[PDB]
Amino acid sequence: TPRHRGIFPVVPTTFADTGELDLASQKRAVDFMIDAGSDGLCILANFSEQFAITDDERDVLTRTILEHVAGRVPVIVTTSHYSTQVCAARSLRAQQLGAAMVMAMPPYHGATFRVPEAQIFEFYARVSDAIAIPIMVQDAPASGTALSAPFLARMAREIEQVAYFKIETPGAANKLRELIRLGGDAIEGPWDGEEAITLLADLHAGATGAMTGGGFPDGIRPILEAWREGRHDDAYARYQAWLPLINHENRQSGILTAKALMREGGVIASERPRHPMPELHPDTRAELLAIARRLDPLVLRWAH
């Protein structure tokens, strides 16, 4: 019934050691993530370090990744901007390059620039008017913006392209419950995020998709498959086995988790963030790899 479901991991942005885009590693990262079983990919999100790249780089990356994916899986392009017209233009460009969906935070800037509900509604309505592909509303702490379940459901019911949701604020499971109740069939994609840290609770609440980190979608996807098939005990057992790694990503190694794994595995040439984002503490990295090696993820045995 929904056009999209399952696991849509966030593609990290691969830099060279000196900070320029490393497009050769970017393509390998994409190929690994498809081989790991991803149902689709999300690019230029926060786990992609989007705040560290330029508009020109955003376009190069969108072109490069969509062309390299070559229709194998659907791609969600994150297009957030404070300006309605800028977001609409980015979203139309992403559509013309082959995106299956765009994702946008509500408009915000920094710690203090926020937008009232009425204008947030207009923002998403005008982005929807400009495109013919679905919009995923991102509900995440980084925007510092409250998007209530009734407001989110109203957008799904009333705005043509608003149909998908990445719910990552605290209490996401019970918010997903309310979103589904109020939105009904207009909620095509009640999805969660935050590296799958709350995936078990969110599946109980009705989530049908998960936007995870890019390092081990092969570890997480069978949880969603087991859940959809009614194999709830198998889903729990898989969640339990992978939860220490999900937890280390969520709390310790963060955005850089996927790149540290891909570098250790020979998928990418450099795991560095763009300065000034702090590099991983060597103990945090060592502990990451120690947990990962217990689980034998594809990322450490793909390039070899």
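So that there is no doubt, residue numbering starts at 1 and follows the sequence shown.
Higher mean CA B-factor, judged across 105 to 113 and 67 to 75 from the recorded values: 67 to 75. With 246 to 254 and 233 to 241 compared on mean CA B-factor from the PDB entry, the stretch scoring higher is 233 to 241. Highest C-alpha temperature factor among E178, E160, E195, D202 per the entry: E160. Within the listed group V11, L280, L288, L295, the record reports its top CA B-factor for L280. Remark: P141 belongs to the lowest third of its chain, ranked by C-alpha B-factor as recorded. When the CA B factors of the chain's modelled residues are split into thirds, the value for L182 lands in the middle one. In the PDB entry, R228 places in the highest third of its chain by CA B-factor. Among all modelled residues in this chain, the alpha-carbon of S148 has a temperature factor (C-alpha) in the highest third.
The deposited CA B-factor of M262 belongs to the middle third of values across its chain.
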